[PDB]
Structures are given as C-alpha cells and as structure tokens.
Amino acid sequence: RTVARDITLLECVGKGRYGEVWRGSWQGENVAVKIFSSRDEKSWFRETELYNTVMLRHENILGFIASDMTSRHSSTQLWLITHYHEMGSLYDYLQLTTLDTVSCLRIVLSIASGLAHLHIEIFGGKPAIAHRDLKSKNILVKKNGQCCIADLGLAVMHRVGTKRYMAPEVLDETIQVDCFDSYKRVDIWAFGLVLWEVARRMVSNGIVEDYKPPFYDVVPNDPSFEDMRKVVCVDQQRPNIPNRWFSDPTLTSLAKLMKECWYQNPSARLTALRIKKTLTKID
Ligand SMILES: COc1cc(-c2cncc(-c3ccc(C4CCN(C)CC4)cc3)c2C)cc(OC)c1OC
Ligand SMILES: COc1cc(-c2cncc(-c3ccc(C4CCN(C)CC4)cc3)c2C)cc(OC)c1OC
Ligand SMILES: COc1cc(-c2cncc(-c3ccc(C4CCN(C)CC4)cc3)c2C)cc(OC)c1OC
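The sequence shown lines up with residues 202 to 325, 328 to 361, 375 to 499 when you count with PDB author numbering.
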C-alpha cells in the first residue's frame, strides 16, 4: 500500500526561540507543523514520549496527528504535526476581540475542561498530567467558540515555565518537587491568570479593559526571575480586579474564582474539577 507522508508547508504562523509553526496541507486538509530548534529538542522528545504513553483525545486538547524525526546530513529534523486552528491563539484573539457573557464563559469552561482532563488519572485510561507552561499563547481558539490547550513539551506524568505565569512556590523554590499534586497547583495558578486575561475582555455596562498580560503594570517585558519573585512572593501582589466587574454578576463570580486560584498556600487553591463545577453554575 501507498503511505503518503508529504506535507506541503504553506505559511509560517509563528516563529520563536522554540522554532516555527507552519500551516501545512496533507491530503487536501490543513495541519499545523511545529519545527523544533535544536535548542528545544527536549520539548519534542517529552511531548512524543507522553503521546507514546497515552494517546490523549479530548475536544479541549490540541489534537495530535504525528511526531516525525528525519535524518539530515549534519542534523536531525524534528516536527510535531497537529490539528490546525485558523483563529490562532487566545493571546492573539483577545487583542482583536471583545467578549459577551456566553463567549467568555464558554472560553474559560473549555480551558478548565481541557485542564481537568490532563490532571485526572483514569484507571484501566491515562496517567495524571500537569502542563507546566499554561498561558494564553498556549491556548488555541476553535471556530465553535471553545478553546484547546497546546504544548506538552514540559508536561509531567504521574526549559522551565514562562516566568510571568510562574506560581510563588516556583519563584521562591519551595515547591515540593517530589509531589505530583504540586505541579497541578502550579497549573491552577497559571489558569487563574488566564481567567483574568479573558475576563478583562468581557463587556459589561458598555465598559471593557484593553488586553494586557498578567502583571503588565508591575514587571517589565521579559521579566526576570527576580522581578517576578519580588512581585509575587515578597510583596504578594495579585492582578487588579476593576471596580466595574462588581456591577456584573458573571465578572463578580469570576473574580472570586480567580482569587481561589491565587492563594500563596498551594494546597488552598481550587482543583480543576472544582473550577469546572463553579463555572457551570455561573449564569
Ligand atoms: C510514516 O509517516 C507518516 C505516515 C502517515 C500515514 C499515511 N498514510 C497512511 C497511514 C496509515 C495509518 C494506519 C495504518 C494502519 C492500518 C490498519 N493496520 C492494521 C495497521 C496500520 C496504515 C497506514 C499513515 C500513518 C502520515 C504522515 O503524516 C501525516 C506520516 O508522516 C509523519
Ligand atoms: C495519522 O493521521 C491520519 C491517519 C489517517 C489514516 C490513513 N490510513 C489509514 C488509517 C487507518 C485505517 C485503519 C485502522 C484500523 C486500526 C485497527 N482496526 C483494523 C480498525 C481500524 C487504523 C488507521 C488512517 C487513520 C487518516 C487521517 O486523516 C483522514 C489522519 O489524519 C491527518
Ligand atoms: C501553541 O503551540 C502550538 C500551536 C499550534 C497552532 C495550531 N493551530 C493554529 C496555530 C495558529 C494559526 C494561525 C495563527 C495566526 C496567523 C494568521 N493570521 C494573521 C492570524 C492567525 C496563529 C496560530 C498554531 C500556532 C501548533 C503547535 O504544534 C504543531 C503548537 O505547539 C504544540
């Protein structure tokens, strides 16, 4: 039988230190192709090792298609091929769009759903998985208004995370590194920051906040580890809740939820399953 492997690379939709992401075509269908820099080969290996362990399949997890290693004269080429989401990342989307109540809730509940699927062990099934780099650039927007979580290159099963989104116990190095629940609680902190980024873009009473990343007002671009530690650990700052949120029942409820993702004590934070339940009772 014929095995048609050729993928046509059509346009670059992302370039970074990690490498590049391309819109590609396979048998008439869009795929996304991540081409890894040699500097970040371990991210390809870890994501491949995870998918070789458990073939994750969930509407709110970026859909795996293939992992390819190709021999070159002087190098190894590493590609990850996934489903293609033409609307791009949540980070991108929130810059050019405001949200109504239904669309805000649908976004955040879909992220909570993907995250709970990663976190929870299924027996007989899947190991529990922590993401370790959850942020709005690692979430894609689907045409049906739900999102999916991308990039399992740091994931752990039961490179460091983006500093802006690191929990206090990562910044002060008190994290219990031998305890898998520690890693879930780091993801919950980051989830709360994403919930804040999204909630800002939800209109109420004709008001909306401009898109800003978490801590935009207290750290520089590309904040250092020390910049983040001083804000999050020493001063114990948290993102601002605008007064206008307290005129809107949805944003009032979301503010409470994000507060319960940001406790200094990791074991006080809500679980992904509890976040899902709370979001199903909002509106
Ligand atoms: C090697 O490389 C790539 C391969 C493919 C690809 C292309 N056609 C057909 C296939 C195929 C799938 C599954 C079976 C099964 C059939 C049932 N039987 C009991 C076991 C075997 C056979 C063939 C594949 C996997 C795509 C690629 O890119 C999208 C590849 O490159 C990464
Ligand atoms: C990698 O990705 C894609 C792969 C394919 C594809 C191509 N040839 C053959 C297959 C296949 C056939 C049959 C089985 C068997 C398995 C056991 N038992 C005997 C019942 C069923 C498995 C696999 C597939 C899945 C199509 C895709 O898209 C249309 C892919 O997505 C981009
Ligand atoms: C975060 O991580 C990964 C993401 C993806 C991925 C999947 N679908 C779509 C995208 C995308 C498409 C298009 C735009 C822009 C460009 C055109 N226009 C001006 C606005 C829209 C942005 C983003 C990406 C980047 C794939 C990955 O691996 C293959 C990723 O790594 C795991």
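Positions of the beta carbon are idealized from the N, C-alpha and C atoms, including for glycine.
Would DSSP call residue i helix, strand or coil?
i           : result
residue 404 : helix
residue 423 : strand
residue 321 : coil
residue 472 : helix
residue 224 : strand
residue 312 : helix
residue 410 : helix
residue 359 : strand
Label residue i either buried or exposed according to how many other C-beta atoms from any shown protein chain fall within 10 Å of its C-beta, with 16 as the threshold for buried.
i           : result
residue 484 : exposed
residue 384 : buried
residue 369 : Note on the chain: consecutive modelled numbers read 361 then 375, so residue 369 has no coordinates in the structure shown.
residue 256 : exposed
residue 450 : exposed
residue 471 : buried
residue 440 : exposed
residue 454 : buried
residue 334 : buried
residue 274 : exposed
residue 248 : buried
residue 323 : exposed
residue 421 : exposed
residue 297 : exposed
Please report the residue range of the alpha helix (DSSP H) in which residue i lies.
i           : result
residue 345 : Residue 345 -> no alpha helix (DSSP H), and no H or E assigned at all.
residue 386 : 384-387
residue 329 : Where residue 329 is concerned, there is no enclosing alpha helix (DSSP H), given that its DSSP letter is neither H nor E.
residue 491 : 488-496
residue 444 : 441-445
For the candidate residues the options, whose alpha-carbon lies nearest to that of residue i?
i           : options            : result
residue 462 : 204, 418, 452, 337 : 418
residue 424 : 226, 271, 412      : 412
residue 238 : 262, 474, 215, 342 : 215
residue 388 : 443, 324, 338      : 443
residue 327 : 409, 229, 242, 300 : As shown, the structure holds no coordinates for residue 327; the chain passes over it, running from 325 to 328.
residue 433 : 421, 448, 422, 420 : 448
residue 283 : 456, 331, 226      : 226
residue 435 : 403, 426, 445      : 445
residue 379 : 493, 231, 409      : 409
residue 290 : 269, 337, 323      : 337
residue 360 : 456, 251, 312      : 251
residue 404 : 263, 332, 306      : 332
residue 272 : 280, 266, 265      : 280
residue 348 : 325, 339, 309, 328 : 309
residue 486 : 466, 295, 318, 402 : 402
residue 285 : 212, 303, 330      : 212
residue 393 : 240, 496, 482      : 482
Could you spell out the range, first to last residue, of the beta strand (DSSP E) harbouring residue i?
i           : result
residue 216 : 209-216
residue 391 : It is not in any beta strand (DSSP E) - residue 391 carries neither H nor E in the DSSP assignment.
residue 350 : 350-352
### Task
Could you name each continuous alpha helix (DSSP H) segment of 4 residues or more that falls completely within the segment 226-303, going from the start of the chain to the end?
Runs of alpha helix (DSSP H) with 4 or more residues, each lying fully within the segment 226-303, are found at 242-254, 291-297, listed in chain order.
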